[PDB]
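A.B. asks: This is the structure, below, for whatever I ask next.
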Amino acid sequence: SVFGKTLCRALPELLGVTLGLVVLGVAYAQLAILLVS
Amino acid sequence: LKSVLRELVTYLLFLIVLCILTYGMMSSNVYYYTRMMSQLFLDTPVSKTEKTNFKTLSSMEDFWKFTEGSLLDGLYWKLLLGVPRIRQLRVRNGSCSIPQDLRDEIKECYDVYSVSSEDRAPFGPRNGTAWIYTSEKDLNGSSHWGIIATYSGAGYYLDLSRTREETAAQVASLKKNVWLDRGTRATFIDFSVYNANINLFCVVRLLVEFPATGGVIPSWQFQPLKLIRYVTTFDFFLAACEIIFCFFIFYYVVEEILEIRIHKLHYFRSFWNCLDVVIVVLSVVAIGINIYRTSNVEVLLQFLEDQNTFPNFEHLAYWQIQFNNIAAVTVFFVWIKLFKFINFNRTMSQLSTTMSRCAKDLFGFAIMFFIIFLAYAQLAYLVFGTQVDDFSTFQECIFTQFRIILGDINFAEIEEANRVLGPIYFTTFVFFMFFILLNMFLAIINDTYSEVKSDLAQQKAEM
Amino acid sequence: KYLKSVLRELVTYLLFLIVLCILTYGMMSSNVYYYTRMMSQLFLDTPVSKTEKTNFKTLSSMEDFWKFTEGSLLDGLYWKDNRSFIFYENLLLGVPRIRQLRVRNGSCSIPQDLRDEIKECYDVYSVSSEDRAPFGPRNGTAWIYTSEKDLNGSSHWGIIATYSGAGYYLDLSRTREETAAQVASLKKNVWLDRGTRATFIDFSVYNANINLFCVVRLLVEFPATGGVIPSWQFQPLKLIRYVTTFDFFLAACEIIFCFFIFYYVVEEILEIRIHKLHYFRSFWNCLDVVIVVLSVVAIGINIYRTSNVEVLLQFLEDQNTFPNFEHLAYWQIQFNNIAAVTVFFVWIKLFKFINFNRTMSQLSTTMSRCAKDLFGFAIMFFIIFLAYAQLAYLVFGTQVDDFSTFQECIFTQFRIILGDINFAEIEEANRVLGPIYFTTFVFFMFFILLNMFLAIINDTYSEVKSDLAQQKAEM
Ligand SMILES: *[C@@H]1O[C@H](CO)[C@@H](O)[C@H](O)[C@H]1NC(C)=O
Ligand SMILES: *[C@@H]1O[C@H](CO)[C@@H](O)[C@H](O)[C@H]1NC(C)=O
Ligand SMILES: *[C@@H]1O[C@H](CO)[C@@H](O)[C@H](O)[C@H]1NC(C)=O
Ligand SMILES: *[C@@H]1O[C@H](CO)[C@@H](O)[C@H](O)[C@H]1NC(C)=O
Ligand SMILES: *[C@@H]1O[C@H](CO)[C@@H](O)[C@H](O)[C@H]1NC(C)=O
Ligand SMILES: *[C@@H]1O[C@H](CO)[C@@H](O)[C@H](O)[C@H]1NC(C)=O
């Protein structure tokens, strides 16, 4: 019974990490374009 | 705590201005023009009876055929903004020492290109300007930094005409009275075009270097520039965006100078205060070298060279690329600064502190990782240096090792080049950099996360 | 005190590293790669003839070899009895030589059942089953056996087997017209029967501009099951030294390196006799022994390679013979391998001195207190790895070309982890037990077995961190 509980309580932290990676990925994408390409 | 919302709204205004200002620098015809010029040349084959193009040059006669047929075909259809120029750099006979044993068979030697060994001597049928060494300053050139070596600005040059009647004649004369002898080491072709209806003119520089061991190596540089074709459609809007960007930068700099001067005696005791000053100085430099670039381009709106002089536009391309790079860095840092406005969340404030409490340990791990990475790179360079074409230079060994990590190994020629010590490099690299050294990163992160969360829990839940 | 000793051990190591890096930079340039690249593309990419499209890399039969020998080979070899410059710069030293190895008829035993069906058999290549009798129009050296000792040869270790240095050879000429006639005469009186098992072609070039020889060898192997397997080797040798001040600088650096190695040997002898059988447990004193041994081996190889240059001297008074430069090319490769490994170990030895501040000794301690567990688990991991590799070798060993040999199986299984598979040939090679292998391997390796190294290291790091923090704080 612990797998569902640990996948449900640890959802906000994973979502926050995903948000941070989305921001850090769009910044890197904007640097990648315009630099040489 | 109301200034936080003021900073948030100011930063959002700045970000919306900057996003538009950088979307205005992603025109469709700045990249497609280069892609269509790099295919109009470099891909069309020689006149006939051959399939090799410039990208696959193989000999000297191939270069002569390309110069006669394909170059004089793509330049003239059936503007040039001045006239094309062709240049040669060569070395001196007897510039190296032939061993006494190998004599009576090898008379002359031509050393690899170097400034100390380059010759300054007249040619044979020496009536033109392409048979006398002119100094570096007299050619208005600086350097190229090619593949094999770096080439000076001097050499033997010949300005071409403006049509198929007074151009092919001198090229044929150069081929008849032999110009590219065994001593040649580099050949340059320089010209601008301005064949685009939109201003958007591009300069092109083609290099063909002859190594000291036979063969040819080609290289190319295509570089488009900018002009001010101001229209009421979208250009006044971008001018307003640029001037309001300058106003925003002025506001930011006066703000930061106010706080640094009037209180706290030192502004550089955090991370967000050592970042916005960097952004401000980069923006000031970008504005300066943008105004200067526009002023430089303004005067040269001539198109009346009348095939008398050769335009020299490399000085403008240098500033163009510098401005592009500095703007790319500025936009990236502006986007990074966004974290300050979302770090004070209920669940985002346990990962930021985790990643800031272990920065010293992460740097300490990165140094250890890079030492071993570079040791492996040097070993691969020494072992597979002359065969694999992936490990041909150190800068390519590093970039290949960074691609084995991303699951892009070839391994077809690594094992072919060396049956023993070829697999030993690969398997040990994988073992000691995927099982042992990429598990030392998450270990530090996990320990820091656990201790930070425990401290926060015993702090909040207790009080 | 102790700082003086650390500085004494650090300055000498820095000087050693500087000397080693100077030598390594001097023994590797960028004009050496393009030399080999051009010489390779000249012979290995040009089609055998103006009409065909097969090159040396894709020979498929014994007639393609004769097309290549009277074709691309000569065109790329002679380039217009004056001397022949390959790219107008590469002088062709001496004359090329073509050699052959063959096994004798009746070297195996046909089963009695169909002995009236098949007449002759020729075994796979082996020294015990090699032909020695003359054959054909036994005029000269192309039809008469010549032993290894009388031919100045050595083994090769090709792809299928390890060939000796003997056989039936022939030295070609300096001009194209005579070489074409010689090869045509060899082709008329059939020189390549069913008994041939290998064929070698060797030559050399100089390129006096940058003083650097280049030795070229081409091998064609005819397996007992019919077919052709080609192989090549271009080696940029360097024999004539001391013509530039840079060469003298390198000689001085080599002497200094010898001095450093002698000093390190003396220091090792001084320290071993103190801690008898106790000296050999630090991983920093079990590593210096490796460096010393490798450096001594490299010094011996370099001396033995630069001292025996008799072949060059013998060739210098006779520029109309075959220059035998294969031994020098072999020892150059061996020296490069040894030097590369030695430099790698010397670079790794920086952790002796760099691990003297906090947050640098925590990582070293974490590595030191979990090495035993890592070795213990690597034993199990590699047992399972070898079991899977042997299963794949038994099931896919004759069809997939990635599991053709045991080593190929191991390397393919290492590449599967990175995410580099085909799986289009694995499935069609065996519809059952092919997918089972792949699925179970992926599950037991990515899910369960690679998640244990991380657990071990993560546990040990936290244990060490807590231990050090408790020791320091509670003092
Ligand atoms: C280069 O100089 C040497 C020096 O004597 C001379 O022998 C040789 O002929 C010269 N090269 C040519 C092409 O004349
Ligand atoms: C001399 O000048 C003419 C053009 O006036 C040129 O064609 C020729 O190549 C030059 N050199 C000679 C005649 O040796
Ligand atoms: C270099 O530029 C100057 C500009 O004043 C010009 O006078 C000179 O002729 C140029 N050099 C050439 C075209 O070789
Ligand atoms: C090979 O030897 C067998 C006898 O062992 C003989 O019958 C056969 O003719 C031989 N083949 C050739 C090609 O000489
Ligand atoms: C064998 O005899 C001589 C050399 O001994 C040679 O000229 C002749 O062509 C050879 N006979 C052949 C190949 O039939
Ligand atoms: C083998 O080497 C010796 C030198 O000791 C030489 O005289 C002989 O001709 C060589 N054998 C050949 C080239 O077949």
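Each chain in the structure tokens gets a letter, A, B and so on, in the order shown; residues start at 1 in every chain, and ligands are counted from 1 in the order they appear.
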8 Å from ligand 2 is the threshold here; counting only C-alpha atoms and all ligand atoms, which polymer residues fall inside it? Answer as JSON, numbers by chain.

C.D. replies: {"B": [124, 125, 126, 127, 128, 173, 177]}

A.B. asks: Name all residues at most 12 Å from residue 47 of chain B (count only C-alpha atoms; drop same-chain ones fewer than 6 positions away) and give them as an mmCIF file with C-alpha atoms, in the first residue's frame.

C.D. replies:
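Below you can see result-v2.cif, which holds the result:
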```
data_model
loop_
_atom_site.group_PDB
_atom_site.id
_atom_site.type_symbol
_atom_site.label_atom_id
_atom_site.label_comp_id
_atom_site.auth_asym_id
_atom_site.auth_seq_id
_atom_site.Cartn_x
_atom_site.Cartn_y
_atom_site.Cartn_z
ATOM 1 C CA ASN B 53 32.130 19.909 -56.508
ATOM 2 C CA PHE B 54 34.069 22.370 -54.349
ATOM 3 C CA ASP B 62 40.374 20.231 -60.078
ATOM 4 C CA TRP B 64 41.705 25.214 -61.776
ATOM 5 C CA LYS B 65 38.638 23.651 -63.401
ATOM 6 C CA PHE B 66 36.429 24.885 -60.552
ATOM 7 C CA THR B 67 37.845 28.398 -60.897
ATOM 8 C CA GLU B 68 37.265 28.449 -64.657
ATOM 9 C CA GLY B 69 33.912 26.711 -65.041
ATOM 10 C CA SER B 70 31.848 26.688 -61.853
ATOM 11 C CA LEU B 71 33.026 29.952 -60.273
ATOM 12 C CA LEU B 72 32.548 31.977 -63.447
ATOM 13 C CA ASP B 73 29.116 30.376 -63.877
ATOM 14 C CA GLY B 74 27.545 30.965 -60.463
#
```

A.B. asks: Enumerate residues in contact with ligand 6: an atom-to-atom distance of at most 10 Å, counting only C-alpha atoms and all ligand atoms. Format the result as a ChimeraX atom specification.

C.D. replies: /C:141,146-153,169-171,310-311,314-315,321-324

A.B. asks: Hey, can you spit out that residue selection with C-alpha atoms as a PDB file, in the first residue's frame?

C.D. replies:
```
ATOM      1  CA  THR C 141      61.544 -16.824 -56.821  1.00  0.00           C
ATOM      2  CA  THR C 146      61.744 -19.344 -49.394  1.00  0.00           C
ATOM      3  CA  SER C 147      61.992 -19.842 -45.640  1.00  0.00           C
ATOM      4  CA  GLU C 148      61.334 -17.105 -43.095  1.00  0.00           C
ATOM      5  CA  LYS C 149      64.987 -16.783 -42.075  1.00  0.00           C
ATOM      6  CA  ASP C 150      66.192 -16.404 -45.670  1.00  0.00           C
ATOM      7  CA  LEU C 151      63.435 -13.857 -46.377  1.00  0.00           C
ATOM      8  CA  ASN C 152      63.835 -11.594 -43.297  1.00  0.00           C
ATOM      9  CA  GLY C 153      60.222 -11.862 -42.184  1.00  0.00           C
ATOM     10  CA  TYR C 169      57.664 -13.700 -53.356  1.00  0.00           C
ATOM     11  CA  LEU C 170      58.536 -11.477 -56.314  1.00  0.00           C
ATOM     12  CA  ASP C 171      60.179  -8.039 -56.433  1.00  0.00           C
ATOM     13  CA  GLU C 310      70.717  -1.508 -40.147  1.00  0.00           C
ATOM     14  CA  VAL C 311      68.021  -1.892 -42.814  1.00  0.00           C
ATOM     15  CA  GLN C 314      71.774  -1.281 -46.183  1.00  0.00           C
ATOM     16  CA  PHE C 315      69.115   0.321 -48.381  1.00  0.00           C
ATOM     17  CA  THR C 321      65.992  -3.231 -53.833  1.00  0.00           C
ATOM     18  CA  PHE C 322      63.103  -3.733 -51.433  1.00  0.00           C
ATOM     19  CA  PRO C 323      63.491  -1.726 -48.196  1.00  0.00           C
ATOM     20  CA  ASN C 324      62.352  -4.012 -45.373  1.00  0.00           C
TER      21      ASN C 324
END
```

A.B. asks: Using only C-alpha atoms and all ligand atoms, find each protein or nucleic acid residue lying at most 9 Å from ligand 4; present the set as JSON, numbers by chain.

C.D. replies: {"C": [104, 105, 106, 107, 119, 120, 121, 122, 194]}

A.B. asks: Please list as a list in words every residue within 10 Å of residue 115 of chain B, counting only C-alpha atoms and excluding residues in the same chain fewer than 4 positions away.

C.D. replies: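 After dropping sequence-adjacent residues, the list is residues 91, 119, 150, 151 and 152 of chain B.
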
A.B. asks: Could you work out which residues of chain B fall inside 9 Å of chain A? Count only C-alpha atoms, and format the result as a list in words.

C.D. replies: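 Result, ordered by chain then number: residues 22, 25, 26, 31, 321, 324, 325, 327, 328, 329, 331, 332, 333, 334, 335, 336, 338, 339, 347, 348, 350 and 351 of chain B.
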
A.B. asks: In Å, how far is it from atom CA of residue 431 of chain C to atom CA of residue 408 of chain B?

C.D. replies: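 Separation between atom CA of residue 431 of chain C and atom CA of residue 408 of chain B: 27.6 Å.
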
A.B. asks: So that I can see what lies close to residue 146 of chain B, please list as a PyMOL selection string the residues with an atom at most 12 Å from it, counting only C-alpha atoms and leaving out residues fewer than 4 positions away in the same chain.

C.D. replies: chain B and resi 113+150-152+185-188+205-211+217-221

A.B. asks: Using only C-alpha atoms, determine which residues lie at most 8 Å from residue 170 of chain B, disregarding the query and same-chain residues fewer than 4 positions distant; provide the list as an mmCIF file with N, CA, C and O atoms, in the first residue's frame.

C.D. replies:
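Result saved to around_20.cif:
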```cif
data_model
loop_
_atom_site.group_PDB
_atom_site.id
_atom_site.type_symbol
_atom_site.label_atom_id
_atom_site.label_comp_id
_atom_site.auth_asym_id
_atom_site.auth_seq_id
_atom_site.Cartn_x
_atom_site.Cartn_y
_atom_site.Cartn_z
ATOM 1 N N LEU B 160 40.101 40.715 -60.150
ATOM 2 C CA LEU B 160 39.409 40.279 -61.355
ATOM 3 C C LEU B 160 38.591 41.420 -61.947
ATOM 4 O O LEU B 160 38.450 42.473 -61.330
ATOM 5 N N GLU B 166 36.613 39.937 -69.846
ATOM 6 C CA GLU B 166 37.845 40.409 -69.237
ATOM 7 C C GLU B 166 38.153 39.714 -67.914
ATOM 8 O O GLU B 166 39.026 40.178 -67.176
ATOM 9 N N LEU B 174 46.711 32.927 -66.274
ATOM 10 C CA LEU B 174 47.328 32.389 -65.066
ATOM 11 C C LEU B 174 47.525 30.883 -65.174
ATOM 12 O O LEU B 174 48.535 30.349 -64.706
#
```

A.B. asks: Using only C-alpha atoms and all ligand atoms, find each residue with an atom at most 12 Å away from ligand 1 and format the answer as an mmCIF file with C-alpha atoms, in the first residue's frame.

C.D. replies:
```cif
data_model
loop_
_atom_site.group_PDB
_atom_site.id
_atom_site.type_symbol
_atom_site.label_atom_id
_atom_site.label_comp_id
_atom_site.auth_asym_id
_atom_site.auth_seq_id
_atom_site.Cartn_x
_atom_site.Cartn_y
_atom_site.Cartn_z
ATOM 1 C CA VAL B 91 56.798 29.231 -49.431
ATOM 2 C CA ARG B 92 60.463 29.356 -50.421
ATOM 3 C CA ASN B 93 62.550 26.712 -52.152
ATOM 4 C CA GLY B 94 65.240 25.134 -50.011
ATOM 5 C CA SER B 95 63.539 26.347 -46.836
ATOM 6 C CA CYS B 96 64.240 23.046 -45.050
ATOM 7 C CA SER B 97 67.177 20.647 -44.752
ATOM 8 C CA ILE B 98 67.239 17.512 -46.892
ATOM 9 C CA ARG B 103 70.552 13.184 -51.904
ATOM 10 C CA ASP B 104 71.076 13.145 -55.677
ATOM 11 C CA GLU B 105 67.403 12.101 -55.850
ATOM 12 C CA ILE B 106 65.520 14.793 -53.905
ATOM 13 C CA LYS B 107 66.826 18.167 -55.059
ATOM 14 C CA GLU B 108 64.461 20.678 -53.441
ATOM 15 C CA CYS B 109 62.300 20.719 -50.323
ATOM 16 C CA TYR B 110 59.366 22.992 -49.462
ATOM 17 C CA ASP B 111 58.773 23.422 -45.738
ATOM 18 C CA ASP B 181 53.444 25.535 -58.718
ATOM 19 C CA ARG B 182 54.735 23.122 -56.075
ATOM 20 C CA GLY B 183 55.435 26.028 -53.704
#
```

A.B. asks: DSSP on the backbone, strand (DSSP E) only: what residues of segment 69-149 of chain B does that give? Format it as a list in words.

C.D. replies: residues 85, 86, 87, 88, 89 and 90 of chain B

A.B. asks: Do a neighbour search on segment 352-364 of chain B at 12 Å with only C-alpha atoms, toss out local chain neighbours closer than 3 positions, and write the hits as a ChimeraX atom specification.

C.D. replies: /A:13,16-17,20 /B:270-271,339-340,342-349,367-371,438,440-456 /C:354-355,357-364,461,465

A.B. asks: Counting only C-alpha atoms and all ligand atoms, what residues are within 8 Å of ligand 5, given as a ChimeraX atom specification?

C.D. replies: /C:137-140,185,189

A.B. asks: Which residues of chain B come within 8 Å of ligand 3, and what is each one's closest atom pair and distance in Å (one decimal), counting only C-alpha atoms and all ligand atoms, sorted by chain and residue number, as a Markdown table?

C.D. replies:
```
| residue | atom | partner | partner_atom_place_in_ligand_line | distance |
| --- | --- | --- | --- | --- |
| B:137 | CA | ligand 3 | 1 (C) | 7.9 |
| B:138 | CA | ligand 3 | 11 (N) | 5.3 |
| B:139 | CA | ligand 3 | 14 (O) | 4.4 |
| B:140 | CA | ligand 3 | 1 (C) | 4.9 |
| B:309 | CA | ligand 3 | 13 (C) | 6.4 |
| B:310 | CA | ligand 3 | 13 (C) | 6.2 |
| B:312 | CA | ligand 3 | 2 (O) | 7.8 |
```

A.B. asks: Could those residues be written to a file, using N, CA, C and O atoms, as a compact mmCIF listing (two decimals), in the first residue's frame?

C.D. replies:
```txt
# COMPACT_ATOMS: atom_id res chain seq x y z
N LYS B 137 50.25 44.93 -44.76
CA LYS B 137 49.47 46.14 -44.57
C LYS B 137 48.94 46.69 -45.89
O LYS B 137 47.86 47.29 -45.93
N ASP B 138 49.69 46.50 -46.97
CA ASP B 138 49.27 47.00 -48.28
C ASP B 138 48.07 46.26 -48.84
O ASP B 138 47.45 46.75 -49.78
N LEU B 139 47.74 45.08 -48.31
CA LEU B 139 46.57 44.34 -48.74
C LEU B 139 45.37 44.52 -47.83
O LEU B 139 44.31 43.94 -48.11
N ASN B 140 45.50 45.31 -46.77
CA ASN B 140 44.39 45.62 -45.87
C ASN B 140 43.80 44.37 -45.22
O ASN B 140 42.59 44.29 -44.99
N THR B 309 37.55 49.34 -57.38
CA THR B 309 38.16 49.00 -56.10
C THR B 309 37.51 47.75 -55.53
O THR B 309 36.37 47.41 -55.87
N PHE B 310 38.25 47.07 -54.66
CA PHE B 310 37.74 45.88 -54.00
C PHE B 310 37.24 46.25 -52.62
O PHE B 310 38.03 46.73 -51.80
N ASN B 312 36.27 46.08 -48.74
CA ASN B 312 36.86 45.38 -47.61
C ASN B 312 35.86 45.44 -46.47
O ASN B 312 35.82 46.42 -45.72
```
